[PDB]
Amino acid sequence: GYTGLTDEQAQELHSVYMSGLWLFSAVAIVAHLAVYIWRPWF
Amino acid sequence: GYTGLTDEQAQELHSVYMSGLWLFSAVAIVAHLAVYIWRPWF
Amino acid sequence: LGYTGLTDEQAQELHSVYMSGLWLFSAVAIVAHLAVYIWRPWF
Amino acid sequence: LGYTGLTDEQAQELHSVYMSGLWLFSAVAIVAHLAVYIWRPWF
Amino acid sequence: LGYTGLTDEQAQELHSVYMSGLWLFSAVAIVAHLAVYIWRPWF
Amino acid sequence: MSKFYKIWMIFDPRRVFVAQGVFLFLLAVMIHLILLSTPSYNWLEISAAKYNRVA
Amino acid sequence: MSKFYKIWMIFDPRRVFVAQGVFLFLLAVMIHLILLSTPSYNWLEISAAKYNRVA
Amino acid sequence: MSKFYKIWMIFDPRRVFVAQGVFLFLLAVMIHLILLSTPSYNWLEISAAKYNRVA
Amino acid sequence: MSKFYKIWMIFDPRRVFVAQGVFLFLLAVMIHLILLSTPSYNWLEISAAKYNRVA
Amino acid sequence: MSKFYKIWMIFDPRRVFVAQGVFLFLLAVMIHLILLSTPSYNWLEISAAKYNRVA
Amino acid sequence: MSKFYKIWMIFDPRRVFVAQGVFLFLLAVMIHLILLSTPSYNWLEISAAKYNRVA
Amino acid sequence: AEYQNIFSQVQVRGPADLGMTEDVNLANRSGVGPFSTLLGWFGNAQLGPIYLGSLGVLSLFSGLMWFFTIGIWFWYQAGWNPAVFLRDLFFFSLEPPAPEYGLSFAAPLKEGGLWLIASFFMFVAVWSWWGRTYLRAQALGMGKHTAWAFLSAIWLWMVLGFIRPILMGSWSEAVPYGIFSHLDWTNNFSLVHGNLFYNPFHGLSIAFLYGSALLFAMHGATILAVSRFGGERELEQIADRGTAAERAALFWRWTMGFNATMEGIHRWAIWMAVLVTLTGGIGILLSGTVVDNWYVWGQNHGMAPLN
Amino acid sequence: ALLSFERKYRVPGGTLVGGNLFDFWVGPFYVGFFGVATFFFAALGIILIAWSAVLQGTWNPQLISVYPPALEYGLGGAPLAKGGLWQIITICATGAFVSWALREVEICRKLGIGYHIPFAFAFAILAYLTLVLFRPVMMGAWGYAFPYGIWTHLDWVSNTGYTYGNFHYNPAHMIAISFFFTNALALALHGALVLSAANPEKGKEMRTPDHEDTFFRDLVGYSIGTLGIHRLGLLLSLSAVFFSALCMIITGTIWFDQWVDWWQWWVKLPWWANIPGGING
Amino acid sequence: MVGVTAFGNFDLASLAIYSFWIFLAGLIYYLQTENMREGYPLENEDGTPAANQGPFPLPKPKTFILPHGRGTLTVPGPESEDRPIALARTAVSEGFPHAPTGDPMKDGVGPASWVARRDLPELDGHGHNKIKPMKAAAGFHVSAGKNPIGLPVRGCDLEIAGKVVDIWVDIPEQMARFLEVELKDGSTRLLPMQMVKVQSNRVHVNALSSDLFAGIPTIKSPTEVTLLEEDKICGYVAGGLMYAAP
Ligand SMILES: CCCCCCCCCCCCCC(=O)OC[C@H](COP(=O)(O)OCC(O)COP(=O)(O)OC[C@@H](COC(=O)CCCCCCCCCCCCC)OC(=O)CCCCCCCCCCCCC)OC(=O)CCCCCCCCCCCCC
Ligand code: BCL
Ligand SMILES: CC[C@H]1c2cc3[nH]c4c(c3C)C(=O)[C@H](C(=O)OC)c4c3nc(cc4[nH]c(cc(n2)[C@@H]1C)c(C(C)=O)c4C)[C@@H](C)[C@@H]3CCC(=O)OC/C=C(\C)CCC[C@H](C)CCC[C@H](C)CCCC(C)C
Ligand SMILES: CC[C@H]1c2cc3[nH]c4c(c3C)C(=O)[C@H](C(=O)OC)c4c3nc(cc4[nH]c(cc(n2)[C@@H]1C)c(C(C)=O)c4C)[C@@H](C)[C@@H]3CCC(=O)OC/C=C(\C)CCC[C@H](C)CCC[C@H](C)CCCC(C)C
Ligand SMILES: CCCCCCCCCCCCCCCC(=O)OC[C@H](CO[C@H]1O[C@H](CS(=O)(=O)O)[C@@H](O)[C@H](O)[C@H]1O)OC(=O)CCCCCCCCCCCCCCC
Ligand SMILES: COC(C)(C)CCC/C(C)=C/C=C/C(C)=C/C=C/C(C)=C/C=C/C=C(C)/C=C/C=C(\C)CC/C=C(\C)CCC=C(C)C
Ligand SMILES: COC(C)(C)CCC/C(C)=C/C=C/C(C)=C/C=C/C(C)=C/C=C/C=C(C)/C=C/C=C(\C)CC/C=C(\C)CCC=C(C)C
Ligand SMILES: COC(C)(C)CCC/C(C)=C/C=C/C(C)=C/C=C/C(C)=C/C=C/C=C(C)/C=C/C=C(\C)CC/C=C(\C)CCC=C(C)C
Ligand SMILES: COC(C)(C)CCC/C(C)=C/C=C/C(C)=C/C=C/C(C)=C/C=C/C=C(C)/C=C/C=C(\C)CC/C=C(\C)CCC=C(C)C
Ligand SMILES: COC(C)(C)CCC/C(C)=C/C=C/C(C)=C/C=C/C(C)=C/C=C/C=C(C)/C=C/C=C(\C)CC/C=C(\C)CCC=C(C)C
Ligand SMILES: COC(C)(C)CCC/C(C)=C/C=C/C(C)=C/C=C/C(C)=C/C=C/C=C(C)/C=C/C=C(\C)CC/C=C(\C)CCC=C(C)C
Ligand SMILES: COC(C)(C)CCC/C(C)=C/C=C/C(C)=C/C=C/C(C)=C/C=C\C=C(C)\C=C\C=C(/C)CC/C=C(\C)CCC=C(C)C
Ligand SMILES: [Fe+3]
């Protein structure tokens, strides 16, 4: 692969990236709930 | 082969690409159903 | 290692000092927000 | 030992005087804010 | 030890002179501020 | 259907995924802006009426 | 769904990480600015009425 | 989460710390200027009316 | 906090002292100019009124 | 505080003395400019009234 | 009609497939934009009346 | 048709080129940037490296704060609406204080206070860039011609925004920050002062501005015409005059009866460009302070017909 | 008299017309067929200007002004005292400028250099002919051309500009100005950089083009190079004059109103024309 | 200050404009005398000093100090041709052309002229040979554009003169400066890159007929080219535009 990474490295890398994305998504989901409770857009 | 991808590399890489396409397009259909339930265009 | 040249040992310590900065900065930001909210709520 | 070529001791030497300077500057600033607040409160 | 290639003793000599120049300058500065305040207060 | 995967022997997936990312994002931006431009679908303006939030 | 990690064999994480970082910021700012310009959703002008700060 | 520190194997922390500092300062300056532009939140004007410092 | 001193192991001390000096100068002037531009806090125009000087 | 002198092994006196000499001059001129632009403190114009040299 | 496969001996498949992709997008979007340009087929405004969404 | 040497036919790429050291403090120089194949058709392909250091940081931070201060005012004038911001982008304007405030710093933030704050960051950014342009030459042992050339542009800019407002007695005389508004200012300036065409230093400034297009067209065409002899390598033609420099000299001697040298044409070049903003700055400094109607001044000085 | 290196280049040939009939020099000046043509038109045009000064009744060189025919004369001939001298002097100017370019082509041939110089000069000729010939012919009257007079041609610039409001709003005029200012910037920088290398600090050796590359990379992170800068200075100058000619050929032929009103097409784009706030809302 | 005159109409804007005319006359005198550091004093066609030297005097000498130990140049200075010139007068009067007495391409006169430049390579800032064959600089490669190496070289007579075997690159400037052409006797020549058109299937050299390529002055070292050699090559090729007959 054209990043030179071994597969082992890409698996390691993806686990950190997705854990960051799950954390970011969790805060966003709460933020939309709080705003929808505060002031629904539907 | 212009990209140098072996037949096995292309048969692998396509399978992951399709998996993402089906996931993305599925989520889009859920979104369309909800917005149709909210406000049918047809 | 990786792409920079930091090791696992070096990076794992640097990150702890970075996060010590993050939480300290964030804690003051919480105090600032709560003080402003008690003074003048924006909701 | 780091990128800068300063040792772990040189980095502590310089940090000790940096904080000596920071605390003095902020102490004078704190006094300046308190004087101005007594003169003319902004809250 | 250092970037400039001053010695530690050359630094102390130059600093002792620099600080004395600063104190002579600021001493006049105080006298000017106090004179203008006595002439025409700004607070 | 079985052979469409040979597209990856022609186009290098790096260039494809960048071009596809731009394409799909700008297409979504087109549609949402068309809807925000549309009185029957501007969801913020609809919600305002539904909850009396204007004037 | 399991094999997605092989994307990091295709793109340099430095480029992707910076690109998604800039994307998320510019998208978030754009949305907050759409809301601040929307009178029914400008929280600063809402709370000004709710607490009669307009006088 | 426990592996987040491996970001410093990907990015030179000198460049990240410089970039982060100017990001934070510009963001904070923008928020304060937004609130000074906001009449209900301009603290310099709020105190002026509270203490009758104009007229 | 005990290891904040390792900032000097990663950043050149001249670049830090210059960058921080530059920052504090521009910030301090900006705030004094904001207060001169504020009718309730311009100390020169305040004292001019307080002592019936031309203002 | 007793090691404030340690700066001179870090910064060259030729650079520092010129940089500070330029700084202090422009700060002084800036303040005299600000006061001369202020009618309550223009010392030449104050004298014109105090001694009635005006008209 | 059998020998239409010969085209790929003359035109590079990459440089044809790019040309086809751009062409089909442009043709589709042009038609959808023309349809929205006619009230006879603007599916948003047909729907607005049908569901009484603007009254 | 033959090759004109306007775009390169073949690009070659070696290693990255880090450049001369001399007395450059090499810790302050970045890594080399990427190569651009697009730029390589017309000039060099290599981006970077760049030197930062102290006057660099000062200039870049103050210049960022200048730009950011204007941008936020434009976002405010847009009412934070991202669509209005792009519709009215050329119509936004950060105006100087109103005339009643004179030179006093007492104008409100919306009535000219932000213009003073913006102008202060511009002042520091431009002047620190000047010192940076001086010191980068010093570190390489070069002449200071570039810093003294830049001082001529600063002279006009200082006259427009600083000196003439002070001599006129109000910041309302200064230029607003905005695309169409500095154009409206430029037009209004000429109308208030009675047609700036009859200012003789605006006439001179235009002569040198046209002369700069004349002279760079002549010089650029000359060097490309002799580039087949390596005439673009002008320093080696100064040190060791080749047939390129002689053919260039004889073209102009046979055309117009006199000629330059490879070193001396760059003195014509620097002065032709420097005199644009030197005479320009004088012509603006005289406007309103010494002459309030240039057309009538023209009538009294034998360049317009009397009434 | 010759430059000390000049003799080896004064060979026969390269003439486009006339062979050796005019293949000689007069002092430094090369003659040739078009040098004879050039001098005739130049002398005639100058002398008809001095005669127009007699008819006008002034000897102040700053008041001398040769006006084109009034608009009532259309594109036809006018009386010599009343526009006909301007027409002949315009013929002489065109004859002189074109002959001068063609004389430069001959000098290029004799020296074996590229034709870049006469080609670049042909852009100035086309800008001149735009203002005196092509645009007046499009608009239907010689009176839309400018008068030959030091200050009176500035009255034409003023009166032509203010016919369309503030002329800063002509979008091609904005592009031309941007090239004119950028060209003058680049000429200041290029002159200074070459001089700063050939004339270093006292006692130092001459700097190399490596120092020139290094200074600009240190200053701005890029360096166009010795060849790039001369390409740039040429193309910036020529682009400035191309967009100048373009801005005028459209003015009064396809655009007639206040140029400021053109920019409303952007403001009134229908996705944002009605959105409240800003300057236009 | 508005309207204030010392005398007549002479206000402070008059003082400015008159002061500028004095400065401009001084600057123009400075600029022209600076431009007399090459090619002066003026000569008669025989080479004797011309009785008319013009209105401006020669400037005082300046000395350039050359890098890499190559000495110092003083200008103006003694400035002989330092080579034979194979020209003869076509008239007794001054101002007429001088005709080539033999073969002007090989005698190096007219557009074929060349100058006695230094017989050493031009150097970069480090003091390496500035121009090198690309094979001798290992990092270099053709990064875009039609690679000419391996193309046949065609003359203006439309016959093949040889093939391109290397590119000679300017190292600091990173640009292609010559094409090396291998002739039908296997000896090579350098062609100036600005004199050739790299077409899709050929390199076209519009200055030379295919026979004239053997006359191109050859370099003495196969790995470097001196400034003298460059001038001889570049002069010879450009001379072909006048002197290559059909
Ligand atoms: C609105 C602003 C404009 C603004 C206009 C633009 C202003 C900004 C640009 C300034 C450019 C400066 C020009 C310059 O450096 O001149 C010195 C240089 C030195 O050349 P040289 O070769 O080293 O020495 C002279 C001599 O050895 C040349 O050879 P030779 O003697 O065999 O032949 C003589 C030449 C021409 O020489 C002359 O005409 C006499 C010297 C002129 C000096 C001008 C400056 C100083 C005196 C100024 C006041 C002289 C008062 C009498 O060839 C011939 O004579 C052959 C016949 C053709 C020429 C016929 C001319 C007919 C008379 C027309 C009037 C000419 C007036 C100069 O070249 C010359 O002498 C000849 C220049 C001819 C073209 C000059 C064009 C520039 C404008 C006029 C001169 C500058 C003053 C404004
Ligand atoms: C109706 C309009 C008026 C008029 C009003 C004015 C006014 C008013 C002025 C001019 C001026 C000029 N006019 Mg006029 N002008 C008119 C008609 C003309 C015509 C014409 C064909 O009709 C022409 C060719 C000109 C030509 C010119 C120029 C010769 C001259 C500007 C020189 C220059 O370089 O400025 C451009 C250069 C600068 C402004 C210097 C800038 C330097 C600073 C330091 C740059 C800082 C950069 C900043 C920090 C951003 C950085 C970004 C980077 C990416 C980091 N005018 C008519 C009569 N003109 C000026 C002058 O000098 O008058 C005598 C002037 O002030
Ligand atoms: C002699 C007359 C001519 C002249 C000369 C001239 N100008 C000059 C020079 C010279 C000789 C220089 O040496 C100097 C130069 O450096 O040129 C390359 C300059 C220059 N002329 C300039 C412009 C200019 N010159 C002009 C004109 C002229 N220049 C005349 C024609 C004009 C116009 C309108 O005609 C302009 C606009 C600049 C290119 C340059 C001066 C640069 C300067 O002072 O910049 C100050 C501002 C900054 C350093 C930064 C601004 C903000 C940036 C966006 C950087 C932000 C960085 C930050 C870290 C980003 C962080 C983002 C976060 C969100 C992460
Ligand atoms: C295209 C880019 C720029 C350009 C390029 C350019 N000009 C050039 C060249 C080049 C490359 C030449 O080779 C050529 C030259 O030889 O330069 C020394 C030339 C030249 N550019 C000149 C001038 C010039 N260039 C200008 C502009 C520009 N030149 C462009 C901006 C301008 C203006 C106003 O912008 C002027 C005044 C000359 C120095 C020269 C051409 C000389 C020439 O043609 O000589 C033969 C003619 C005469 C000696 C006299 C003719 C007299 C007439 C018959 C009578 C006068 C009529 C005229 C209309 C009167 C106008 C009165 C004014 C008050 C309006
Ligand atoms: C063996 C050869 C046989 C040849 C046979 C005869 C052929 C004769 C016809 C020639 C055809 C082309 C003529 C041009 C187009 C045309 O019809 O024009 C007719 C118009 C008349 O329009 C008139 O009418 C115009 C309207 S209209 O065009 O009729 O609709 C109107 O706008 C204008 O005001 C009015 O004057 O006149 C012109 O256009 C003027 C021509 C000018 C030529 C000399 C220029 C001298 C002035 C100074 C400029 C010098 C420039 C120097 C350049 C080197
Ligand atoms: C108002 O109406 C309009 C004007 C808007 C009408 C518009 C009409 C129109 C022209 C619409 C066009 C729409 C089109 C053409 C849409 C196409 C959409 C597509 C093709 C979407 C595809 C999405 C694919 C996705 C999300 C794929 C993701 C893949 C993933 C996550 C896997 C990545 C990882 C790998 C491939 C692993 C790598 C493997 C190895 C071996 C290294
Ligand atoms: C009004 O609102 C708007 C309309 C403008 C809308 C705005 C909405 C919006 C999009 C806001 C976005 C905000 C974001 C994205 C904020 C993010 C902030 C972050 C990422 C903050 C992080 C802070 C971290 C700090 C303070 C860390 C400090 C670390 C320090 C001091 C130590 C550094 C480490 C070392 C010295 C290492 C030492 C060890 C070794 C071994 C060298
Ligand atoms: C529009 O928005 C508003 C302006 C209204 C609000 C903006 C709010 C905002 C974003 C503020 C941000 C503030 C921050 C981040 C402040 C940080 C301050 C710090 C870290 C200050 C540290 C100061 C340290 C000082 C002054 C001293 C150090 C001394 C040292 C290291 C000893 C060596 C020095 C000497 C011996 C002095 C030698 C003499 C000279 C003249 C250099
Ligand atoms: C009034 O309104 C209008 C103006 C719009 C009126 C109509 C105007 C007008 C003239 C319309 C004309 C329309 C035309 C010309 C339409 C043509 C459409 C075409 C050309 C459609 C073709 C579609 C082809 C497709 C989707 C092909 C896909 C191929 C695929 C997926 C596989 C590609 C092959 C491989 C991956 C195999 C690679 C093999 C190896 C060995 C590596
Ligand atoms: C303005 O908007 C409208 C009104 C017009 C509506 C339409 C707008 C629109 C079309 C929105 C579309 C939004 C989209 C496409 C959003 C996509 C968001 C994404 C892709 C978010 C991803 C976030 C990922 C995050 C936060 C990941 C963080 C990863 C972290 C923290 C860890 C990184 C990994 C490492 C450090 C690796 C360590 C390991 C090794 C081996 C070194
Ligand atoms: C550059 O890269 C690195 C990696 C090194 C990152 C560096 C990041 C870094 C370390 C930044 C440091 C930032 C600092 C030092 C921030 C400090 C912030 C502080 C201390 C903020 C304080 C804010 C306080 C506020 C907003 C308080 C507001 C209170 C209000 C509005 C109400 C007050 C009410 C009354 C007075 C009324 C009742 C009482 C009385 C007496 C009447
Ligand atoms: C995307 O949104 C963001 C917010 C992120 C960015 C938006 C960026 C943006 C839209 C920027 C817009 C910038 C514009 C349109 C700038 C226009 C500038 C123009 C045309 C300037 C023209 C002339 C300026 C002159 C002549 C200024 C001269 C200033 C001088 C000489 C400084 C004099 C100094 C003072 C008066 C200050 C004195 C103060 C003290 C304390 C002594
Ligand atoms: Fe040059």
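Residues numbered from 1 in each chain as written, not as in the entry; some residues may be left out. Chains lettered and ligands numbered in written order. Part of a larger assembly, values for the part shown. Heavy atoms only, no water.

> Any chance you could explain the site of ligand 7 here in plain terms?
Close contacts around ligand 7 come from 21 residues, with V17(C), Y18(C), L22(C), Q20(H) and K6(I) the closest. Ligand 7 is flanked by residues contributed from chains C, G, H and I. In isolation ligand 7 has 1100 Å² of accessible area, and contact with the protein removes 74% of it. Among the secondary structure elements, those contributing two or more residues to the shell around ligand 7 are α1 (8-39) of chain C, α1 (13-37) of chain G together with α1 (13-37) of chain H. No other element matches the 8 residues that α1(H) contributes to the shell around ligand 7. Partitioning the shell around ligand 7 into residue classes produces 17 nonpolar, 3 polar and 1 charged. (Near = heavy atom within 4 Å. Areas by Shrake-Rupley, 256 points an atom, 1.4 Å probe, with all protein chains shown as cover. Helix = DSSP H or I, 4+ residues; strand = E, 2+ residues; numbered from the N terminus. Nonpolar A, V, L, I, M, F, W, Y, C, P; charged D, E, K, R; others polar.)

> Whenever I open this one, the site of ligand 10 confuses me. Can you help?
Neighbouring ligand 10 are 22 residues; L13(A), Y17(A), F17(G), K6(H) and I7(H) lie closest to it. Ligand 10 sits at the junction of chains A, F, G and H, each of which supplies nearby residues. In the complex, 74% of the free accessible area of ligand 10, which totals 1100 Å², lies under the protein chains. Counting residues per element, the ones that place at least two in the shell around ligand 10 are α1 (7-38) of chain A, α1 (13-36) of chain F together with α1 of chain G. Ranked by residues supplied to the shell around ligand 10, first place goes to α1(G) with 8 residues. Looking at the shell around ligand 10 residue by residue, the class counts come to 17 nonpolar, 3 polar and 2 charged.

> Explanation requested: the packing of helix α5 (residues 171-198) of chain M against helix α6 (residues 209-220) of chain M in the structure shown.
Think of two packed helices as two axes; the pair is described by the angle between the axes and how far apart they sit. All names here are of chain M. At a minimum axis distance of 10 Å, the contact between α5 and α6 shows a crossing angle of 130°. By the angle between their axes, α5 is oblique relative to α6. Both α5 and α6 take part in a crossing whose hand is right-handed. Contacts from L189, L193, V194 and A197 of α5 reach α6 at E212, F215 and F216. Per-class residue counts for the contact of α5 with α6 are 6 nonpolar, no polar and 1 charged. (Axes fitted to C-alpha atoms, helices over the stretch in contact; angles between N-to-C directions. Parallel < 35°, antiparallel > 145°, perpendicular 65-115°, else oblique. Left-handed = near helix turned anticlockwise from the far one by under 90°. Contact = heavy atoms within 4.5 Å.)

> Can you walk me through empty space enclosed by the protein in this structure?
Summary: where empty space remains is shown by rolling a probe the size of a single water molecule over the atoms. What the rule picks out here adds up to 5 cavities of 30 Å³ or more. Residue lining of the largest cavity: 31 residues in total, with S8(L), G43(L), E173(N), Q174(N) and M175(N) positioned closest to the centre. For the lining of the largest cavity, the secondary-structure elements that each account for two or more residues are β1 (11-13) of chain L, α7 (225-249) of chain M together with β11 (175-183) of chain N. (1 Å grid on protein atoms, 1.4 Å probe; cavity = no way out; pocket = protein on both sides within 12 Å on 5 of 7 lines; lining within 4 Å. Points joined across faces, edges and corners; volume = space filled by probe spheres on them.)

> Quick question: what am I supposed to make of the coordination of the magnesium atom of ligand 2 here?
Ideal geometry at a metal gives 109.5 degrees between four tetrahedral donors and either 90 or 180 degrees between six octahedral ones. Protein coordination of the magnesium atom of ligand 2 is limited to a single donor, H202(L) (NE2), which sits 1.9 Å from the metal. Within the element layout of this structure, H202(L) appears in helix α7 (residues 200-225). (Donors = N, O, S within 2.8 Å, 3.2 Å for Na, K, Ca; no water.)

> Any chance you could explain the pairing of strand β3 (residues 62-65) of chain N here in plain terms?
Moving residue by residue along a regular strand, the side chains alternate between the two faces of the sheet. Every second residue of β3(N) is oriented toward a common face, the buried set being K62(N) and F64(N) and the non-buried set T63(N) and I65(N). Counting the residues that bridge the hairpin from β3(N) to strand β4 (residues 72-75) of chain N gives 6 residues, and of these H68(N) lies at a positive phi of roughly 60°. (Buried < 20%, exposed > 50% of the residue type's maximum accessible area, 1.4 Å probe, protein only. Pairing = 2+ DSSP bridges.)

> Quick question: what am I supposed to make of the interface of chain L and chain M here?
Residue-level contacts link 105 residues of chain L with 101 residues of chain M. In total, about 9200 Å² of surface goes out of reach between chain L and chain M, with carbon and sulfur atoms giving 67% of it. The tally of links between chain L and chain M comes to 6 salt bridges. The residue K144(L) makes a salt bridge to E201(M) at a minimum N-O spacing of 2.9 Å. Along the contact surface separating chain L from chain M lie 51 residue pairs in polar contact. At the level of secondary structure, the elements contributing two or more residues to the side of chain L that touches chain M comprise α3 (82-87), α4 (113-139), α5 (145-168), α6 (179-192), α7, α8 (234-239), α9 (243-256) and α10 (265-285) of chain L. Top element by residues in the side of chain L that touches chain M is α7(L). It accounts for 14 residues. Per-class residue counts for the side of chain L that touches chain M are 57 nonpolar, 29 polar and 19 charged. (Buried area = accessible area lost by both parts, 1.4 Å probe. Salt bridge = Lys/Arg side-chain N within 4 Å of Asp/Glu carboxyl O. Polar contact = N/O pair within 3.5 Å; in protein donor to acceptor, adjacent residues only side chain to side chain.)

> Would you take a moment to explain the domain arrangement of chain M for this structure?
How big an interface is tends to be reported as the loss of accessible area on association of its parts. All names here are of chain M. Each assigned domain of chain M is listed here: domain 1 (1-163) and domain 2 (164-263). On the side of domain 2, 13 residues touch domain 1, which itself brings 15 residues to the contact. For the pairing of domain 1 and domain 2, the buried interface totals around 1200 Å² over both sides, and the portion due to carbon and sulfur atoms is 76%. Our enumeration of links across domain 1 and domain 2 arrives at 5 residue pairs in polar contact. Mapped onto the side of domain 1 that touches domain 2, the elements with two or more residues apiece are α3 (116-139) and α4 (152-162). (Domains from an automatic or database assignment.)

> For this particular structure, what's the right way to read the packing of aromatic side chains?
Where two aromatic rings form a pair, the distance of their centres and the angle of their planes describe that pair. Inspection of the entire model under this criterion finds 104 aromatic pairs over all chains. A centroid spacing of 6.1 Å and a plane angle of 65° characterise the contact between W39(C) and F43(D), whose relative ring orientation is edge-to-face. On the criterion of chain membership, the pair formed by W39(C) in helix α1 and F43(D) in the segment after α1 (8-39) is interchain, its members lying in two chains. Residue classification places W39(C) among the partly exposed positions, given a relative accessible area of 36%. Accessibility expressed as a relative area gives 43% for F43(D), which makes it partly exposed. Ring centres of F251(L) and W252(L) lie 4.9 Å apart, and the angle between their planes is 80°; this geometry places the pair in the edge-to-face category. Residue classification places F251(L) among the buried positions, given a relative accessible area of 0%. Taking relative accessible area as the criterion, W252(L) reaches 12% and is therefore assigned buried. Each residue in the set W66(L), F105(L), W115(L), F123(L), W127(L), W130(L), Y134(L), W148(L), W157(L), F162(L), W171(L) and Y177(L) is aromatic and connected to the rest through ring pairs, giving one cluster. Stacked on the ring of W39(E), the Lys or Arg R40(E) has its end atom at 5.5 Å from the ring centre. The ring centre of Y51(L) lies 3.7 Å from the NZ or CZ of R136(L), which sits over that ring. (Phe/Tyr/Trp six-rings, centres within 6.5 Å; stacked < 30°, edge-to-face > 60°. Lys NZ or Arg CZ within 6 Å of the ring centre and 35° of its normal.)

> Can you walk me through the interface of chain I and chain J in this structure?
Taken together, the contact between chain I and chain J spans 9 residues of the former and 9 residues of the latter. The junction of chain I with chain J conceals about 890 Å² of combined surface from both sides, 81% of it contributed by carbon and sulfur atoms. If you sort the residues of chain I by the area they bury against chain J, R14(I), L44(I) and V54(I) come out on top, with a joint share of 45%. One can count 0 salt bridges joining chain I with chain J. Taken together, the connections running from chain I to chain J amount to 2 residue pairs in polar contact. Looking at the side of chain I that touches chain J, the elements that each hand over two or more residues are α2 (13-36) and α3 (43-50) of chain I. Ranked by residue count, the leading element in the side of chain I that touches chain J is α2(I), at 4 residues. For the side of chain I that touches chain J, the class distribution of residues is 6 nonpolar, no polar and 3 charged.

> Honestly, the environment of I223(L) in this entry has me stumped. Any pointers?
Residue and element names in this part refer to chain L. With respect to the helices and strands, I223 occurs in helix α7. Accessibility expressed as a relative area gives 2% for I223, which makes it buried. A C-alpha to C-alpha distance of 9.3 Å links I223 and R233, two positions 10 residues apart in sequence.

> What exactly am I supposed to notice about the side chain of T289(L) here?
Its place among the elements puts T289(L) in the loop between α10 and α11 (294-300). In this structure the side chain of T289(L) is engaged in a polar contact, spanning 2.4 Å, whose partner is the backbone oxygen of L285(L).

> Even after reading the chapter, I still don't get the pairing of β11(N), so can you show me in this structure?
Residues and elements named next belong to chain N. The element β11 is extensively covered by neighbouring structure, given that 8 of its 9 residues are classed as buried. Across 8 bridges, the pairing between strand β10 (residues 160-170) and β11 is antiparallel. When the bridges of β11 are listed, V169 appears paired with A176. Joining the antiparallel neighbours β10 and β11 is a turn of 4 residues, in which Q174 adopts a positive phi near 45°. Here β11 pairs with strand β12 (residues 188-192) via 5 bridges, running antiparallel.

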